[PDB]
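Student: Quick one: this structure, given as structure tokens, is what I'll be asking you about.
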Amino acid sequence: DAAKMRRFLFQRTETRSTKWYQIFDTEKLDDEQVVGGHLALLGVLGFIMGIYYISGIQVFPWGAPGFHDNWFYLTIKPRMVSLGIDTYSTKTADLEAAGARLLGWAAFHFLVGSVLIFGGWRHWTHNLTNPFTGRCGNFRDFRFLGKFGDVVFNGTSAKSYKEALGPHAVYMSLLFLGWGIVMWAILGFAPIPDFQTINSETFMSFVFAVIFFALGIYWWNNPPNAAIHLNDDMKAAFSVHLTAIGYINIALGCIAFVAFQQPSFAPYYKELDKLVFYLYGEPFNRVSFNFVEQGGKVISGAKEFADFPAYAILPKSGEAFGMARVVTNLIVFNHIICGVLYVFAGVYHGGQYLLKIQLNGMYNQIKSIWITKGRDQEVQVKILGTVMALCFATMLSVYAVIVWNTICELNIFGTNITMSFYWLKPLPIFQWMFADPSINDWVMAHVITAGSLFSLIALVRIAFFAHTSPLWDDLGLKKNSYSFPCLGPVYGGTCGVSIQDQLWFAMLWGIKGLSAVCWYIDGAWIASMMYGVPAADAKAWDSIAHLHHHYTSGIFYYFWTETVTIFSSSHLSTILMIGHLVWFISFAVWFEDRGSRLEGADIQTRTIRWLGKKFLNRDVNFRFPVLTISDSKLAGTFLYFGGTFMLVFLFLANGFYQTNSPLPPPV
Amino acid sequence: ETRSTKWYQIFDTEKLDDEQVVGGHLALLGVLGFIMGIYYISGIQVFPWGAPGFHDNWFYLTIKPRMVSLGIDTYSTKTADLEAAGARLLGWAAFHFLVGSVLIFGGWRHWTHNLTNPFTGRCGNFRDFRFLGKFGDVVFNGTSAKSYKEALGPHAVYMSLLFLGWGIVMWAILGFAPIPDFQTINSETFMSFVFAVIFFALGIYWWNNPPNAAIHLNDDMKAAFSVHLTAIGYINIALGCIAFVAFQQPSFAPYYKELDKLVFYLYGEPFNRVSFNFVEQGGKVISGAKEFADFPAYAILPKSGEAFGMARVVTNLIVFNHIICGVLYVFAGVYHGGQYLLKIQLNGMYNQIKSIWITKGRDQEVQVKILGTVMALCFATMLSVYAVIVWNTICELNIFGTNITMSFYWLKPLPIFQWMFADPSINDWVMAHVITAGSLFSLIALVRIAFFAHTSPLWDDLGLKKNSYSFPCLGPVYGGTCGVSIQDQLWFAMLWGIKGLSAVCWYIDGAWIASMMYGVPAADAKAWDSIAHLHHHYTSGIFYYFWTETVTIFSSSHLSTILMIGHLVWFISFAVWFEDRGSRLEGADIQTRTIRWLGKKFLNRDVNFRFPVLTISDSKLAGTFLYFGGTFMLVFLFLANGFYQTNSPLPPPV
Ligand code: BCL
Ligand code: BCL
Ligand code: BCL
Ligand code: BCL
Ligand code: CLA
Ligand code: CLA
Ligand SMILES: CCCCCCCCCCCCCCCC(=O)OC[C@@H](CO[C@H]1O[C@@H](CO)[C@H](O)[C@@H](O)[C@@H]1O)OC(=O)CCCCCCCCCCCCCCC
Ligand SMILES: CCCCCCCCCCCCCCCC(=O)OC[C@@H](CO[C@H]1O[C@@H](CO)[C@H](O)[C@@H](O)[C@@H]1O)OC(=O)CCCCCCCCCCCCCCC
Ligand code: SF4
Ligand SMILES: [Ca+2]
Ligand SMILES: [Ca+2]
């Protein structure tokens, strides 16, 4: 039975094979299918966007009660208020009129989404036939909306990616102009060019439509020759776009933090502090053990509050819970974690293409300064050498400051908070970047600098060591593959050497700076691991450094304070248990025990065969499966990263509890 | 033949003889006496000359109820009766310094085979000796034990002699006559003589007839040392179990329960604080503001023993210590034992051993059936009890339209077992099944070490042998083969053991185990005490344990430093336990070249360092040590933060 048993392990091996999570890969799809897939998802995205609109209705058009508050719509409510579809009004009439508008935009997105899905099926199946005029169209050569195509594109379509830039830019100016008309005609916002009103978003919707159209014609006549090697392969271009989109998303996250709490954005974001929100899963009106409410009601029982019915979600004061910043932290963090994730994948899917060329030898044939200036091994170890040195001199300079501040605050080794770095704060030149600048701001800048250079090491290694490294050229070895776990025990072992594993060590290392953001935007103290504890000098910070605000907690005391509100909620606490349960299970597949599970699975499948035969008359052969290391490090990073930030949501959605009253010394 | 020149294998049984072992054991009991004499000096509350004594330390708290029981230490609140106590502790500390110095001298010469005494000018023989002159001649027919089996009788005799000596010491020096009633310390002298009679009689029966059981254990030092460690660990677990039931018996109240009534000043505890502008002068405080104003500046503040619950904190620190070790020694006994089963399978003495402790598991057929029963029972129990805890958590959080009425509040230990618990409740039914599941879980890693040290039913299928005990894996072949050696199976017993090693910490700190969430301000978390008529209010639930217990940890500037250090140590184990060993080897190469390049350009002289990286087997070693040490550096904080269970339950909030 050895052979049959081996045909199975062979059915689950570390060698190249087809996997369910690689079927929509760029390699097996032509350029007509990428366009078709993007269209079908935007149709689904419109269907999704139309559900975030129906959910926002508080009172239905017929006047009856609607939906309870939910986080999906909350992150978009300040935008629909800004555009006039949604309105913050106590009057039930405004609440009933508003609901009709959201329902109308939801049905509209249902119609347009259905068109994009239809226009995404025919493109995918190359069945792009006009149902009215029997004649079909050509992807390579088409008129592009008839007469409009002839005047601007000389009646021709782009045959190469570098050419598609001009037409794509022209298509963008038709959206910039298209939105500038929707705002003017449907939403009633005329283009007044003053940057304190929503009317400025129509004026710049036309300025941008002019810049892009002019820029889209210059690239039609003069397509850029930069990164020509990308025009040859889809994944090469798709990865540079993803490395670019991630920095774009991080930028969007950073401006939505500065802007959403500007005075001009007060009518939409700060305005929320004066609203009562019934969030789902929040503590409801409790009832007694012997509580039976019959037709007569309130008989032979008792209930909590008595100002609301049994099992009804209780109100929540926006000012107390800090709703404004909670929403501002949920949007800013979303576009930052995603931005970081996009950058990591751009480098991964990019080095995934650098491996394909090194194997085929096209690497030495590239002429772009974007690859040529990076094929020298001496130059690589210099770039990586400086990145590692900078990462070290900055992770040790800022960690020792945080540790020293912690030691001074806890009076360890007879040291008072006076000897700590309370005098160190950002220089005067940078003081404009921060409100009430302090050591909490000097540390955060250096932590992000150290947290970027740390995860950059794993990225420079994907870019430079996809096929070979100075060590494996020394050890005479080839990295044939992007997802190979290790070469075995040899040379003290060589686990985690592929670029997919280096991607994992960028996501795992990126959890620190991805947490220095969560902690810093929630008004937490980052200069000390212990701030505000009932101990020696933790509460002396607000007056030793003269801070205008009072931070919620320090790195360690953050978990205790922020979770007082999590434990009070029956749903925020379910996330705390699920999120922790998912995270530890990563250790089972990330620890070097893949072999043990396999011999264990053998005993599992042997015992089941034994029990089934001794009890029943049938033969139970299930051949218990076990994941491979590369398949383990995959699921391991998804359980680790995916459970780590299932709970970061709880820190941001539990409320914003930074104040404006610095504490006096606990003298 | 895998290398064994590592620094942590220097004192291996292979590198030592029977004479050296005796020397090694003696060279430590002398050190242990030196240690025991420091736990005595530190416990001086007031010096003999009248100068103030030493602030409370945890090393002396776990022995103070014993020295009080023996009369060396007193609980008296008066300095006059507390000034004598100090003199006594000095007497026994100096005494243990003298006896320790003798045992080290009698260990240094034993270790160097130099058994010569200057006064008698004659060198003794290890192979044969009279044993304390005529006494041994009458009992051992003028001869000494020639083997481990023949050493049982003489070794048992020595135990009887030691017991008799302790009894004489209690009667003559400590003044406790042997009265045979089991509510007084005087019964520890009566049974010190009954045991000295049982052992002496038992030590003669084993000298005349040496035991033939486990005959192969005589042949190898590690084979016998491992069976002793599998036995000593179980003994230590039993001592921890017994000390929990006994230390809070009515007869032990004068020593353990009495701690509550005292005021303790532990080092590193909250002290009288001062203002930033504080300028203390000899005579008085000037232009300064100091908190409390009842003690001097920077003076440790008092702590009410009753609020702290020191009688149960000290009981836990001792009970858990002899259990954290008892299970570590059971794991090491199987490890060092399977470490010997690898050698007899490599040099092939296994098929010829007639011992039923090796012959019983000879055939692979039975091995799969034995491991298939440990594995099936662990599944049917770790699931039956986890689904109860999860269901109880769901019912009280009112998730999926359920209430605390639908929970497992009506499930509790059967009437036959109710005597085992002061207050029976689902918290007790779950704990018994969690320990049962937590033992069968880590037993799987132990049955593996015993049966699959060299070859498994899978490796025999894959045509492979496990040549070593500390081989990380066989490469990425067959999808991967990592963590297959018995040293790695030892790690997966220590790592898996952390759950039952935590179900004890939680359950002895008076926490709830029948629900992840107990006592939180949610729908039915606070409705437990009345739905099940609990006579006690458990401190918190499995998850809410971390929030409540840590309110006292954050208030202490030293208990919080442990929290930080303990967490820092633990996550670093991820660096050496993740499959990133190949990545570390490359990275270091860049660091060596980078440092060489920086030194080259920066200084005319070129200096290189060749940065080193640990091996996987050397990684999984430092990994388990960082994971285990980190995980129980902080379990200490749960036990030493106070015992906060109360005997008053909470009514439903409604
Ligand atoms: C998560 C960390 C990495 C990541 C790691 C990986 C890994 C690991 C793999 C891919 C693979 C793929 N990646 Mg990638 N990838 C990320 C971000 C992206 C993004 C993006 C949203 O910006 C896109 C469009 C892509 C695009 C793609 C395709 C080229 C390819 C096959 C997809 C597939 O079949 O999925 C599965 C199809 C489904 C319908 C399942 C649901 C997928 C949803 C739609 C998300 C798509 C992106 C996601 C990471 C795909 C892989 C999921 C696996 C569980 C890892 N990646 C980030 C940066 N990517 C595979 C490949 O061939 O690489 C050369 C591969 O092995
Ligand atoms: C920690 C988990 C395991 C454990 C795992 C290991 C591992 C792993 C190794 C040993 C090894 C040894 N073990 Mg063991 N061992 C444990 C418990 C014990 C106990 C006990 C206190 O009951 C004893 C007496 C021993 C005895 C010994 C020796 C036979 C041998 C060499 C010791 C040495 O040089 O240490 C180092 C000497 C020092 C002076 C350092 C300080 C050591 C102190 C005194 C504690 C001794 C026990 C400790 C586990 C030794 C190893 C420390 C390493 C860092 C792992 N083990 C528990 C059960 N043991 C080695 C061997 O050859 O095994 C075949 C080996 O590779
Ligand atoms: C949102 C709409 C989606 C889309 C969804 C559809 C739909 C819907 C249909 C097609 C179909 C067609 N698609 Mg398409 N497709 C898109 C993008 C493109 C692009 C491109 C790279 O810009 C090209 C060259 C094509 C090519 C083609 C035509 C050759 C084909 C013609 C039959 C027909 O009814 O034609 C009329 C169209 C033409 C003769 C081509 C010239 C006009 C433009 C290019 C048509 C697409 C819509 C236009 C861009 C929308 C407005 C954009 C404004 C900026 C707001 N599509 C746009 C972005 N595609 C047909 C099909 O599959 O039938 C089964 C079809 O009915
Ligand atoms: C607590 C003391 C320690 C110890 C510490 C010492 C010391 C101290 C000395 C020796 C030395 C000797 N050890 Mg030794 N050794 C121990 C255990 C043993 C055992 C054993 C397996 O029981 C044996 C056979 C030996 C063998 C020997 C003698 C042959 C040798 C003789 C020179 C001398 O001065 O002798 C007098 C002793 C004898 C002639 C042997 C017969 C008497 C017993 C066995 C001696 C040991 C002390 C005795 C057991 C203590 C009281 C036990 C009560 C229960 C309290 N030791 C005991 C348990 N060993 C000597 C040495 O190394 O000199 C450089 C020495 O001075
Ligand atoms: C909750 C976590 C968890 C669970 C259920 C298991 C379970 C198991 N492990 Mg693993 N393991 C874990 C964590 C866990 N481990 C971690 C963190 C590590 C790293 C140290 C390891 C390392 C590891 C090794 C090295 C090996 C295993 C092996 C095994 C199996 C042998 C025990 C057995 O037969 O029955 C035990 C009893 C049960 C499984 C009863 C079921 C318990 C519950 C009901 C399971 C369902 C709950 C689950 C979490 C649901 C997920 C919900 C989702 C939202 C996440 C068993 C399937 C061995 C094996 O044979 O591999 C196949 C083996 O060699 N364990
Ligand atoms: C605090 C934890 C910590 C620290 C300091 C490091 C540091 C390092 N890692 Mg590691 N790593 C960690 C956790 C950590 N890692 C974890 C949890 C994992 C698992 C995901 C990994 C996985 C891992 C891989 C896979 C790789 C490394 C690599 C590296 C090195 C490359 C970065 C560099 O050159 O300078 C970074 C900057 C510094 C080191 C500055 C120093 C920072 C402080 C001051 C260090 C001293 C504090 C320390 C905790 C003191 C201990 C006190 C004691 C009580 C515990 C670097 C030495 C790479 C390498 O080259 O290996 C050699 C590599 O391939 N990391
Ligand atoms: C994967 C690894 C990386 C993870 C991803 C990191 C990307 C995020 C990128 C950092 C940006 C964070 C984003 C949120 C924006 C935000 O916060 O902006 C406002 C402002 C403070 O606002 C107020 O915040 C309150 C909260 O407590 C205060 O109380 C108050 O006093 C203060 O005024 O913050 C800064 O000025 C930003 C500091 C960081 C400074 C950046 C320095 C980096 C620049 C140099 C080079 C770095 C890159 C090196 C190469 C890799
Ligand atoms: C590591 C790998 C595996 C883990 C196992 C190793 C550790 C085991 C170390 C024993 C741990 C015990 C700790 C100290 C003993 C102690 O507690 O004894 C008293 C008593 C309750 O006392 C009071 O405790 C209060 C605290 O809340 C309560 O409120 C109150 O109501 C109650 O009366 O406990 C029992 O009766 C013990 C329960 C467990 C029952 C044992 C069942 C196991 C027996 C069957 C087979 C198991 C083995 C299977 C084979 C491997
Ligand atoms: S345990 Fe995994 S990562 Fe480590 S050497 Fe073996 S196969 Fe490679
Ligand atoms: Ca918060
Ligand atoms: Ca406690």
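Just remember, in the structure tokens the first chain shown is A, the second B, etc., residues are 1-based per chain, and ligands are 1-based in the order shown.
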Enumerate as a list in words the residues within 6 Å of ligand 11, counting only C-alpha atoms and all ligand atoms.
Tutor: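 Final answer, ordered by chain and number: residues 509, 549, 638, 639, 641, 642, 643 and 644 of chain B.
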Student: Quick one: residues within 9 Å of stretch 40-57 of chain A, only C-alpha atoms counted, chain neighbours fewer than 4 positions away excluded, as a PyMOL selection string?
Tutor: chain A and resi 35-36+65-70+72-74+76-77+86+95-96+98-100+102-103+105-121+124
Student: Residues of the last selection are to be written out with N, CA, C and O atoms, as a short mmCIF file (atom, residue, chain, number, x, y, z; two decimals), in the first residue's frame.
Tutor:
data_model
loop_
_atom_site.label_atom_id
_atom_site.label_comp_id
_atom_site.auth_asym_id
_atom_site.auth_seq_id
_atom_site.Cartn_x
_atom_site.Cartn_y
_atom_site.Cartn_z
N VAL A 35 -9.48 43.75 -19.29
CA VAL A 35 -10.49 44.83 -19.46
C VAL A 35 -11.88 44.28 -19.09
O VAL A 35 -12.62 44.99 -18.40
N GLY A 36 -12.18 43.05 -19.51
CA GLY A 36 -13.49 42.43 -19.23
C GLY A 36 -13.70 42.18 -17.74
O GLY A 36 -14.81 42.42 -17.26
N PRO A 65 -40.15 52.68 10.25
CA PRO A 65 -38.76 52.60 10.69
C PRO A 65 -37.92 51.78 9.71
O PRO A 65 -38.42 50.80 9.20
N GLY A 66 -36.66 52.18 9.48
CA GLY A 66 -35.79 51.50 8.51
C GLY A 66 -34.70 50.64 9.15
O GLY A 66 -35.03 49.71 9.90
N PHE A 67 -33.44 50.95 8.83
CA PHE A 67 -32.27 50.21 9.29
C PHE A 67 -31.52 50.85 10.44
O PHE A 67 -31.52 52.06 10.60
N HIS A 68 -30.87 50.02 11.25
CA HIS A 68 -30.06 50.52 12.34
C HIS A 68 -28.72 50.92 11.76
O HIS A 68 -28.34 50.48 10.69
N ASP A 69 -27.94 51.73 12.50
CA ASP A 69 -26.63 52.18 12.05
C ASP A 69 -25.67 51.01 11.88
O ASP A 69 -25.74 50.00 12.59
N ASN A 70 -24.82 51.13 10.87
CA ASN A 70 -23.77 50.12 10.54
C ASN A 70 -22.50 50.84 10.08
O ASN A 70 -22.61 51.95 9.52
N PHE A 72 -20.46 50.19 7.61
CA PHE A 72 -20.25 50.33 6.15
C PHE A 72 -20.68 51.74 5.71
O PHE A 72 -19.83 52.48 5.18
N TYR A 73 -21.94 52.10 5.95
CA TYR A 73 -22.49 53.42 5.54
C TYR A 73 -21.84 54.60 6.28
O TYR A 73 -21.66 55.66 5.65
N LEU A 74 -21.51 54.43 7.57
CA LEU A 74 -20.92 55.50 8.43
C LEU A 74 -19.70 56.13 7.74
O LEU A 74 -19.62 57.37 7.72
N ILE A 76 -19.17 56.45 4.72
CA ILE A 76 -19.58 57.19 3.53
C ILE A 76 -20.63 58.25 3.83
O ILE A 76 -20.91 59.08 2.94
N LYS A 77 -21.22 58.25 5.02
CA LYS A 77 -22.23 59.26 5.35
C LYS A 77 -21.71 60.69 5.27
O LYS A 77 -22.43 61.54 4.72
N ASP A 86 -27.46 62.80 1.30
CA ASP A 86 -27.79 62.56 2.69
C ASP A 86 -27.76 63.87 3.46
O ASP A 86 -27.18 64.87 3.00
N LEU A 95 -35.46 63.41 7.15
CA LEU A 95 -35.04 61.99 7.25
C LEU A 95 -35.88 61.16 6.26
O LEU A 95 -35.32 60.18 5.72
N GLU A 96 -37.15 61.51 6.03
CA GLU A 96 -37.92 60.69 5.06
C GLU A 96 -37.54 61.08 3.62
O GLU A 96 -37.50 60.19 2.76
N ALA A 98 -34.64 62.33 2.60
CA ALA A 98 -33.26 61.85 2.37
C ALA A 98 -33.28 60.38 1.92
O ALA A 98 -32.57 60.04 0.96
N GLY A 99 -34.08 59.56 2.60
CA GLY A 99 -34.20 58.12 2.29
C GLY A 99 -34.58 57.88 0.84
O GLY A 99 -34.02 56.95 0.24
N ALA A 100 -35.49 58.69 0.30
CA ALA A 100 -35.91 58.54 -1.11
C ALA A 100 -34.70 58.78 -2.02
O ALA A 100 -34.53 58.00 -2.97
N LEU A 102 -31.39 58.34 -1.34
CA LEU A 102 -30.46 57.18 -1.24
C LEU A 102 -31.04 55.99 -2.00
O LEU A 102 -30.28 55.33 -2.73
N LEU A 103 -32.35 55.76 -1.87
CA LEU A 103 -33.01 54.62 -2.57
C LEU A 103 -32.88 54.83 -4.09
O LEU A 103 -32.63 53.85 -4.80
N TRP A 105 -30.48 56.56 -5.67
CA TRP A 105 -29.06 56.36 -6.09
C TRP A 105 -28.69 54.87 -6.06
O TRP A 105 -27.78 54.48 -6.80
N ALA A 106 -29.35 54.11 -5.19
CA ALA A 106 -29.15 52.67 -5.07
C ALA A 106 -29.73 51.93 -6.27
O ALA A 106 -29.10 51.02 -6.82
N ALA A 107 -30.94 52.31 -6.70
CA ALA A 107 -31.51 51.74 -7.91
C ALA A 107 -30.71 52.13 -9.14
O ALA A 107 -30.52 51.32 -10.05
N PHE A 108 -30.23 53.38 -9.18
CA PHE A 108 -29.42 53.83 -10.30
C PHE A 108 -28.12 53.03 -10.41
O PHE A 108 -27.73 52.60 -11.49
N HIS A 109 -27.44 52.83 -9.28
CA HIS A 109 -26.23 52.01 -9.28
C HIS A 109 -26.54 50.55 -9.59
O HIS A 109 -25.65 49.83 -10.07
N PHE A 110 -27.76 50.10 -9.33
CA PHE A 110 -28.15 48.75 -9.74
C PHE A 110 -28.27 48.64 -11.25
O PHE A 110 -27.90 47.61 -11.82
N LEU A 111 -28.79 49.68 -11.91
CA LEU A 111 -28.91 49.66 -13.37
C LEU A 111 -27.55 49.77 -14.05
O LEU A 111 -27.23 48.99 -14.95
N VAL A 112 -26.74 50.74 -13.63
CA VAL A 112 -25.43 50.94 -14.24
C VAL A 112 -24.52 49.75 -13.96
O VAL A 112 -23.72 49.36 -14.82
N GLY A 113 -24.63 49.16 -12.77
CA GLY A 113 -23.87 47.96 -12.48
C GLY A 113 -24.25 46.79 -13.38
O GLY A 113 -23.38 46.03 -13.82
N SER A 114 -25.54 46.64 -13.66
CA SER A 114 -25.98 45.57 -14.54
C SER A 114 -25.45 45.75 -15.96
O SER A 114 -25.20 44.76 -16.66
N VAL A 115 -25.28 47.00 -16.39
CA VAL A 115 -24.72 47.25 -17.72
C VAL A 115 -23.25 46.88 -17.75
O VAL A 115 -22.77 46.23 -18.70
N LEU A 116 -22.50 47.26 -16.72
CA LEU A 116 -21.07 46.97 -16.67
C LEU A 116 -20.79 45.48 -16.55
O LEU A 116 -19.77 45.01 -17.07
N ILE A 117 -21.65 44.73 -15.87
CA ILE A 117 -21.49 43.28 -15.81
C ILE A 117 -21.78 42.65 -17.17
O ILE A 117 -21.06 41.75 -17.62
N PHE A 118 -22.83 43.11 -17.85
CA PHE A 118 -23.11 42.64 -19.20
C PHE A 118 -21.96 43.00 -20.14
O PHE A 118 -21.51 42.16 -20.93
N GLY A 119 -21.47 44.23 -20.01
CA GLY A 119 -20.33 44.69 -20.83
C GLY A 119 -19.02 44.08 -20.33
O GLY A 119 -17.96 44.45 -20.86
N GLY A 120 -19.11 43.16 -19.36
CA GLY A 120 -17.95 42.52 -18.80
C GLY A 120 -17.95 41.03 -19.09
O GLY A 120 -16.90 40.40 -19.09
N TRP A 121 -19.12 40.54 -19.49
CA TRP A 121 -19.29 39.13 -19.90
C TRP A 121 -18.88 38.99 -21.38
O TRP A 121 -18.06 38.11 -21.68
N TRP A 124 -15.17 39.45 -21.88
CA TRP A 124 -14.49 38.25 -21.33
C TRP A 124 -14.58 37.10 -22.33
O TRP A 124 -13.57 36.41 -22.54
#
Student: Check which residues fall inside 8 Å of ligand 3 when counting only C-alpha atoms and all ligand atoms, and print them as a VMD selection string.
Tutor: chain A and resid 35 to 36 39 115 to 123 126 to 133 135 to 146 157 168 171 to 175 178
Student: Which residues come within 8 Å of stretch 646-652 of chain B, counting only C-alpha atoms, excluding same-chain residues fewer than 2 positions away, as an NGL selection string?
Tutor: :B and (526-530 or 534-539 or 644 or 654)
Student: Given the selection you just returned, output its residues as a file containing C-alpha atoms, formatted as a PDB file, in the first residue's frame.
Tutor:
ATOM      1  CA  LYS B 526     -22.866  38.855  35.450  1.00  0.00           C
ATOM      2  CA  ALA B 527     -25.852  36.436  35.643  1.00  0.00           C
ATOM      3  CA  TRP B 528     -23.674  33.380  36.410  1.00  0.00           C
ATOM      4  CA  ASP B 529     -23.464  33.683  40.197  1.00  0.00           C
ATOM      5  CA  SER B 530     -27.251  33.418  40.562  1.00  0.00           C
ATOM      6  CA  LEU B 534     -22.382  29.943  43.100  1.00  0.00           C
ATOM      7  CA  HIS B 535     -21.321  30.533  46.762  1.00  0.00           C
ATOM      8  CA  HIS B 536     -18.132  32.300  45.512  1.00  0.00           C
ATOM      9  CA  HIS B 537     -17.642  35.215  43.085  1.00  0.00           C
ATOM     10  CA  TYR B 538     -14.868  34.069  40.661  1.00  0.00           C
ATOM     11  CA  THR B 539     -12.466  36.962  39.774  1.00  0.00           C
ATOM     12  CA  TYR B 644      -9.065  38.201  44.339  1.00  0.00           C
ATOM     13  CA  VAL B 654     -31.636  43.039  35.489  1.00  0.00           C
TER      14      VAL B 654
END
Student: Contacts between ligand 5 and chain A, please, where a residue of chain A counts if it comes within 7 Å (with only C-alpha atoms and all ligand atoms); show its shortest atom pair and distance in Å to one decimal, rows by chain and ascending number, as a tab-separated table.
Tutor:
residue	atom	partner	partner_atom_place_in_ligand_line	distance
A:578	CA	ligand 5	54 (C)	6.5
A:581	CA	ligand 5	55 (C)	6.1
A:582	CA	ligand 5	55 (C)	5.0
A:584	CA	ligand 5	17 (C)	5.7
A:585	CA	ligand 5	17 (C)	5.1
A:586	CA	ligand 5	17 (C)	6.9
A:587	CA	ligand 5	17 (C)	4.7
A:588	CA	ligand 5	18 (C)	3.4
A:591	CA	ligand 5	19 (C)	6.0
A:593	CA	ligand 5	25 (C)	4.5
A:594	CA	ligand 5	25 (C)	6.9
A:596	CA	ligand 5	64 (O)	3.8
A:597	CA	ligand 5	61 (O)	3.1
A:598	CA	ligand 5	62 (C)	6.0
A:599	CA	ligand 5	60 (O)	6.6
A:600	CA	ligand 5	60 (O)	3.1
A:601	CA	ligand 5	62 (C)	4.5
A:604	CA	ligand 5	34 (O)	6.6
A:626	CA	ligand 5	62 (C)	7.0
Student: Emit the selected residues as an mmCIF file, in the first residue's frame, including C-alpha atoms.
Tutor:
data_model
loop_
_atom_site.group_PDB
_atom_site.id
_atom_site.type_symbol
_atom_site.label_atom_id
_atom_site.label_comp_id
_atom_site.auth_asym_id
_atom_site.auth_seq_id
_atom_site.Cartn_x
_atom_site.Cartn_y
_atom_site.Cartn_z
ATOM 1 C CA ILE A 578 -12.700 35.388 16.946
ATOM 2 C CA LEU A 581 -8.676 32.529 17.785
ATOM 3 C CA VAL A 582 -7.708 33.061 14.145
ATOM 4 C CA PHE A 584 -2.799 31.819 17.276
ATOM 5 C CA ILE A 585 -3.776 29.064 14.742
ATOM 6 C CA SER A 586 -1.087 30.676 12.493
ATOM 7 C CA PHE A 587 1.596 29.183 14.847
ATOM 8 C CA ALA A 588 0.444 25.630 13.950
ATOM 9 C CA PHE A 591 6.255 26.776 13.180
ATOM 10 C CA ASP A 593 6.509 21.224 12.446
ATOM 11 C CA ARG A 594 5.162 20.394 8.922
ATOM 12 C CA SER A 596 5.126 16.074 12.549
ATOM 13 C CA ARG A 597 1.525 16.800 11.338
ATOM 14 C CA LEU A 598 2.146 14.419 8.366
ATOM 15 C CA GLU A 599 3.158 11.431 10.570
ATOM 16 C CA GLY A 600 0.286 12.449 12.893
ATOM 17 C CA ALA A 601 -2.146 12.481 9.921
ATOM 18 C CA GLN A 604 -5.197 9.687 12.118
ATOM 19 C CA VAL A 626 -1.755 18.158 5.446
#
Student: Would you mind listing what lies within 12 Å of stretch 570-577 of chain B as a PyMOL selection string, with only C-alpha atoms counted and same-chain residues fewer than 4 positions away left out?
Tutor: (chain A and resi 495-496+505+508-509+584+586-593+640) or (chain B and resi 472+482-483+488+491-492+495+562-566+581-585+613-634)
Student: Give me, as a PDB file with C-alpha atoms, in the first residue's frame, all polymer residues having an atom no more than 8 Å from residue A:311, counting only C-alpha atoms and skipping those fewer than 2 positions away in the same chain.
Tutor:
ATOM      1  CA  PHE A 284     -29.472  46.734  24.222  1.00  0.00           C
ATOM      2  CA  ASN A 285     -32.235  47.158  26.869  1.00  0.00           C
ATOM      3  CA  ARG A 286     -31.824  44.101  29.178  1.00  0.00           C
ATOM      4  CA  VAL A 287     -34.827  42.187  30.701  1.00  0.00           C
ATOM      5  CA  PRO A 309     -39.036  48.340  24.427  1.00  0.00           C
ATOM      6  CA  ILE A 313     -30.636  48.948  20.879  1.00  0.00           C
TER       7      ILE A 313
END
